[PDB]
Structure formats: structure tokens, C-alpha cells
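Okay, so here's just one chain, in C-alpha cells, the form deposited in one PDB entry.
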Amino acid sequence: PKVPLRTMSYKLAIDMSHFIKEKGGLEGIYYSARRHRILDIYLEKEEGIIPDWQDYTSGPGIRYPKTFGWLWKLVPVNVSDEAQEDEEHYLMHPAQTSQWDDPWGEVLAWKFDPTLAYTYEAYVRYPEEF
């Protein structure tokens, strides 16, 4: 039936990290609050993961996942050339995020990082965010 709820432990975070990768992964997909909550619902629905686990550090640059074992961090994506990323947008995806949705103005995309299983960067670098 429905998977019983369970919190994302360290081992579960790794297994879910690879489960999402095997499902195609999130590489290079642009981050967003809506995509964030969609990811949350996907793991509750298919795997019963209580969705109190997906959070990222806030400083500029890499946004490290605050649950240790989650291997999908956020990275800033480089400036889009004036020509022709705006014509590309009109042509294909006319509905764009505003970069100032992020407090640092940075456009964020998911990136996979296996080393995040061996260093809890979020807590090692920014303990004050806990």
C-alpha cells in the first residue's frame, strides 16, 4: 500500500540520493521552491520519506544540503550570454525565475556530489545555521 512514514537517516539519504540518480537524476535542473516541494512529495509518496529533510545552506556559492547523506547540492550557474539566452527563453520557456528570488542573486542548479557522503560540509563549514 502506502509506504509508512520514516525520517531520512544517513543511510536512507544516500540510498535516496542514488535512487533519484537512477531515475535520471537532477543534474543541472534549475532549483526552485516549487521543484523543491515536488521533490519532497515524490519521496514521501514513493518511499515514505517524511519531508523535513531537504534544506540547503544559505551563503553565496554552493548551497550544501543540511541532511548528511543527501548527495545533491546546489551550485550557481554561470551568467547567461545576453545573446541569445533571452531569445532562447521567448522561444521555449517564457516563464523564468527572477534571480533575486535568491538573496544572493545567484541562479542555482542541482549537482550530484558523491563526496558529500564523506564530509558533512553544511555542518563543518556553517555550524551556526543549526
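Residue numbers run from 1 along the displayed sequence. If you superpose the two forms and keep the largest set of C-alpha atoms that fall within 1.5 Å, you have the rigid core.
The same protein also has a form deposited in another entry, omitted here; what follows describes it.
inquiry  = Given a core-based superposition, decide whether the C-alpha of residue 91 shifts by 2 Å or more between this form and the one not shown.
reply    = Shift at residue 91: 2 Å or more after core fit.
inquiry  = Quick one: with a 3 Å or larger change, is the residue 112 to residue 93 CA distance smaller or larger in that other deposited form? Answer closer or farther.
reply    = It is farther: in that other deposited form, the C-alpha atoms of residue 112 and residue 93 lie at least 3 Å more apart than they do here.
task = Specify closer or farther for residue 64 and residue 98: how their Cα atoms are spaced in that other deposited form versus the shown form, given a shift of 3 angstroms or more.
result = Relative to the shown form, the pair is closer.
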